[PDB]
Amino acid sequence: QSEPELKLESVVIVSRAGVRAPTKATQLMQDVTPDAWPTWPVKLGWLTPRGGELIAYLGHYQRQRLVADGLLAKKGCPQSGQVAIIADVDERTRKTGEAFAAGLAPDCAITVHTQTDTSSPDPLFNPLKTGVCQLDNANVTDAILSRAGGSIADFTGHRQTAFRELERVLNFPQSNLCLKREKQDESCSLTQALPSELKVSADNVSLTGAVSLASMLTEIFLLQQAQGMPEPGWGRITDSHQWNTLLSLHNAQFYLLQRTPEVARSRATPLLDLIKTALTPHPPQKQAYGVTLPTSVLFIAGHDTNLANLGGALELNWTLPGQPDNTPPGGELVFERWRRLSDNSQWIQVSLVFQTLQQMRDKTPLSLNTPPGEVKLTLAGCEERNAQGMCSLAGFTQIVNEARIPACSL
């Protein structure tokens, strides 16, 4: 029987945290809808038990997958250090790492390593926020406006259909923001009522107004749906086209602020360094987070901006059939090193593993038989590929080295 010509030797997963309750409950969020936002079972920004179950399913799926590729043994707990887990200091990322280990190796006790100071942000997940490095204000401003077509107005203008869909779901017309508006000479509009301005500083970039509000609100509706709440969007979201139209507002903001290279490259540099060393064969040694690398599997519990920053820095673009959110909760950017048996050459494969919005909704258990969705990625900048379309280690290493910003390494 035909034999595999490539042997899996290393896997690095960068996962976004799973389903959580919204991070905030502002007055603005209430003013754009006359209806009352549904309450969540956990504190704001915390992982919901259902969210952990969905992550555990992915962990259960990955265990079957890696076993099939012979990287992990089908029985028992993995050898010490065989599986390493690192998470951002947040409650939701720590819990995502735990839910993943739980699903991957039940009752096996796999440490979830984090930065030691938990009351402080971890620069691995954003070197801009902690001041490791700074953004070039003028250059970032030009790059974002450039990707916006010259102006934020023209940008939102091309997405009015999506903004009106959101208004419809909110019953924006009967919101206090609308009824208490002084220029009632014109129809009430989110984009009109909340002008979006681009804010850029050394440590951050943002969009004020309807752009950021809509990105947050549409993500909240996806969260309600994934959380299994009765009627997400107060029952006003009734079909797939609406889900896509709504979430496009979310993907639109990430395209501008997280994928733009002038931002992404600096923001994803620490992760690029970690991913590269973890995938590069070399003498194992205890290091960051007390983790020993290289090893067989490395699971990194991060955030959606991390996935988007990595996509922009590596020029990895994707769309996920069945999942309106390009960087969905639990979504995994999977990096794998395969060794070609023929000449023992090294190769890197990249894919985006995710659960469809329905798989989240029905909380469906995953397995090789009922697997999550997966999109194989192509490194836009790679030249040397193998028969399977993977990039050589050398090629991959070159792309990472050209994409990272030295000033932003840890």
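The numbering used is simple: start at 1 and walk along the sequence shown.
Looking at the entry, does 385-393 or 14-22 show the higher mean C-alpha B-factor?
Comparing 385-393 with 14-22, the higher mean C-alpha B-factor belongs to 385-393.
Could you check which stretch, 368-376 or 349-357, carries the larger mean CA temperature factor in the entry?
The stretch with the larger mean CA B-factor is 368-376.
So among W234, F254, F299, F163, who wins on Cα B-factor in the entry?
Highest C-alpha B-factor among the listed options: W234.
Looking at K276, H158, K180, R94, which one carries the largest C-alpha B-factor according to the PDB entry?
Highest C-alpha B-factor among the listed residues goes to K180.
Select lowest, middle or highest to describe the third in which the CA B-factor of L8 falls within its chain in this entry.
Highest third of the chain for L8's C-alpha B-factor.
How does the C-alpha B factor of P38 compare with the rest of the chain: lowest, middle or highest third?
Tercile = highest for this residue's CA B-factor.
Pull the Cα B-factor of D239 out of the PDB entry and bin it into the chain's lowest, middle or highest third.
Within its chain, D239 is a highest-third residue by C-alpha B-factor, going by the deposited values.
Sort the modelled residues of this chain by their C-alpha B factor and say whether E98 lands in the lowest, middle or highest third.
Middle third of the chain for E98's C-alpha B-factor.
Ranked C-alpha temperature factor of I86 among modelled chain residues, by third
Bottom third by C-alpha B-factor.
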